[PDB]
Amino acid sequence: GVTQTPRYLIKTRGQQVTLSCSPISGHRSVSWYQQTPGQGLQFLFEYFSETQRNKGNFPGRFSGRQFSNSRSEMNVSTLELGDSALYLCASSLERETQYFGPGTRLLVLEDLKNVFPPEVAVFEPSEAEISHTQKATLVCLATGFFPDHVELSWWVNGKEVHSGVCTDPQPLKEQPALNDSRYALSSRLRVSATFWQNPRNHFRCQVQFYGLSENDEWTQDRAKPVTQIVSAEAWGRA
């Protein structure tokens, strides 16, 4: 399908971003959209044969380009706080069905002093659940991160699992009144009781945090909240 890089991006006011899009092999038309919770799916421009065919109503600082292999790039100058959105790329043979990509989640901030990596903690299942249901539910809690550019996964014995896993779709705000509140995320993994009671079994909750890049300057005294993986583990106990 359609590929877009980067998937997450943090920038401050006045900077510029360049977003890449790889259309489906054989497709020649590339459309760019900006998706916000307030304005919805807004059209930017559409490119065909290295030329802009259709144009939206966005200002001149939103520019695009398409290469000979139909791959496309998009540029935004003088980033404003209102530019925070999901920038989607749609691909089509020429005029037919448009297939979207994952999009670039761009967050524009006034500074970087509120960016924090998450703290991860695993909670072992209750002995009451084990004796009552013969099943063991682990709970993972990622807290204190900003922004919500986070991907949580479970790893049992070094292999990633999806069966019996449920993560919250959207991280919740810890201080719903503060405009600069940090987020919290919860996830569950349910296995059988006897599988959890095996000391050889290893359960790890892994949280991928997308933060600052090496290009971003950092003047504060705490550790630079770069893109990193924070995880917590728990062994089985009989």
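Throughout, we count residues from 1 along the sequence that is shown.
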Original post:
Once you work out the mean C-alpha B-factor for both 178-186 and 204-212 from the entry, which is higher?
Top reply: 178-186
Original post:
Going by the B-factors listed in the PDB entry, is the mean over the C-alpha atoms higher for 40-48 or for 169-177?
Top reply: 169-177
Subject >> Per the PDB entry, maximal CA B factor within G64, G26, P199, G56 >> reply: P199
Original post:
Whose C-alpha has the highest temperature factor in the PDB entry: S153, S91, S72, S77?
Top reply: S77
Original post:
Based on the entry's values, in what third of the chain does the Cα temperature factor of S163 lie: lowest, middle or highest?
Top reply: middle
Original post:
Based on the entry's values, in what third of the chain does the Cα temperature factor of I229 lie: lowest, middle or highest?
Top reply: middle
**OP:** Relative to the other modelled residues of the same chain, rank the CA B-factor of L107 and answer lowest, middle or highest third.
**Re:** middle
Subject >> Chain-relative CA temperature factor third for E96 >> reply: lowest
Subject >> Third of the chain, ranked by Cα B-factor, where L86 sits >> reply: lowest
